[PDB]
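In the working numbering, the protein residues as written are 77 to 286.
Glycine is no exception: its CB is placed at the ideal position from the N, C-alpha and C atoms.
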DNA sequence: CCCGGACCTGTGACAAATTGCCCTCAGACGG
DNA sequence: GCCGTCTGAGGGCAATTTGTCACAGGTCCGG
Ligand SMILES: [Mg+2]
Ligand SMILES: [Mg+2]
Ligand SMILES: [Mg+2]
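Right, here's the structure in full:
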């Protein structure tokens, strides 16, 4: 199945994308890498890849596509837009998109890689952002360990403002995404909290391969 | 002493958003 | 050349998930 690879600069970039948008982003990165920035997505291919009907596939592409407008990417800083021209459909079931050519060197560079089947059942986009970052530290055999800072998680992933209250951080982001990964990917994940005084400052993730 | 106050935790409520589903009907193709 | 079938571009839904905040209940500090 398709092997996604990406610069660590992208894994650790600041952005806010939906699941549907991240799914499309994986194929653009695949298309570009197998080579101006103009990519294409076929409705019938997307539906087969992610096990959707053609109808719901069409709905997912169209709304994702119109929600890219105004979205920006930050590399730690420097900010760029994803698209420099609106999308358009020359043929029925076919969309043409114009990716910002200045993003190309950030896609292909110190790199991250995973097969698309590892993530295609994840639902929560924050859970995607997390499985990508853990992969950045994975070993050939399949294990790894990493300490991520809470302020850095909140910015890079662009968690919503109320998750600056730690019990909400735990309840609606950390626990759910650890469960999805354990339930929807071939990885088995655990964690522990690092504290300093009364404040919890980092999260230490351990994982192995099933 | 014990207070009011500034931290921290977890849970119950509700609002806002997203999920996979359902229905309609016209376009492109081929037999 | 007409029509039958597969597509996909639209319109919606109720059931769940995600985002937000009041309130109960722990600690330590300092005047
Ligand atoms: Mg959808
Ligand atoms: Mg009680
Ligand atoms: Mg009290």
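Since residue i and residue j should fall inside the 8 Å C-beta cutoff, what is the C-beta to C-beta distance between them, to a whole number of angstroms?
{"i": "residue 192", "j": "residue 102", "result": "6 Å"}
{"i": "residue 249", "j": "residue 235", "result": "6 Å"}
{"i": "residue 79", "j": "residue 251", "result": "At roughly 30 Å, the Cβ-Cβ gap does not stay under 8 Å, so residue 79 and residue 251 are not in contact."}
{"i": "residue 256", "j": "residue 195", "result": "Not really, about 10 Å apart at Cβ, beyond 8 Å."}
{"i": "residue 100", "j": "residue 117", "result": "6 Å"}
{"i": "residue 281", "j": "residue 219", "result": "Wrong, their Cβ atoms sit about 11 Å apart, outside the cutoff."}
{"i": "residue 177", "j": "residue 112", "result": "7 Å"}
{"i": "residue 170", "j": "residue 156", "result": "About 26 Å separates the two Cβ atoms, so there is no contact after all."}
{"i": "residue 229", "j": "residue 240", "result": "Residue 229 to residue 240, Cβ: 11 Å. No contact."}
Please work out which residues of its chain come closer than 6 Å, Cβ to Cβ, to residue i, disregarding the five sequence neighbours upstream and downstream, and give them in chain order.
{"i": "residue 141", "result": "163"}
Can you give me the Cβ contacts of residue i inside the same chain, cut-off strictly under 8 Å, excluding the 5 residues immediately before and after it?
{"i": "residue 144", "result": "97, 158, 159, 163"}
{"i": "residue 276", "result": "226, 242, 269, 270"}
{"i": "residue 183", "result": "82, 83, 86, 105, 108, 109"}
{"i": "residue 186", "result": "83, 84"}
{"i": "residue 217", "result": "285"}
{"i": "residue 202", "result": "233, 235, 249, 253"}
Who are residue i's beta bridge partners in DSSP?
{"i": "residue 189", "result": "81"}
{"i": "residue 223", "result": "280"}
{"i": "residue 172", "result": "116, 164"}
{"i": "residue 361", "result": "Residue 361 lies beyond the residue range present for the chain, which begins at 77 and ends at 286; the question has no answer from this structure."}
{"i": "residue 271", "result": "276"}
{"i": "residue 150", "result": "90, 155"}
With a threshold of 16 other CB atoms inside 10 Å of the CB of residue i, please say whether the residue is buried or exposed.
{"i": "residue 152", "result": "exposed"}
{"i": "residue 149", "result": "buried"}
{"i": "residue 208", "result": "buried"}
{"i": "residue 120", "result": "exposed"}
{"i": "residue 123", "result": "buried"}
Excluding five sequence neighbours on each side, which residues of the same chain lie with their C-beta closer than 7 Å to the C-beta of residue i?
{"i": "residue 254", "result": "265, 267"}
{"i": "residue 166", "result": "172"}
{"i": "residue 174", "result": "113, 114, 159, 160, 161"}
{"i": "residue 278", "result": "223, 224, 225, 226, 270"}
Exercise answer, beta-carbon shell around ligand 1 heavy atoms below 7 Å
96, 132, 135, 136
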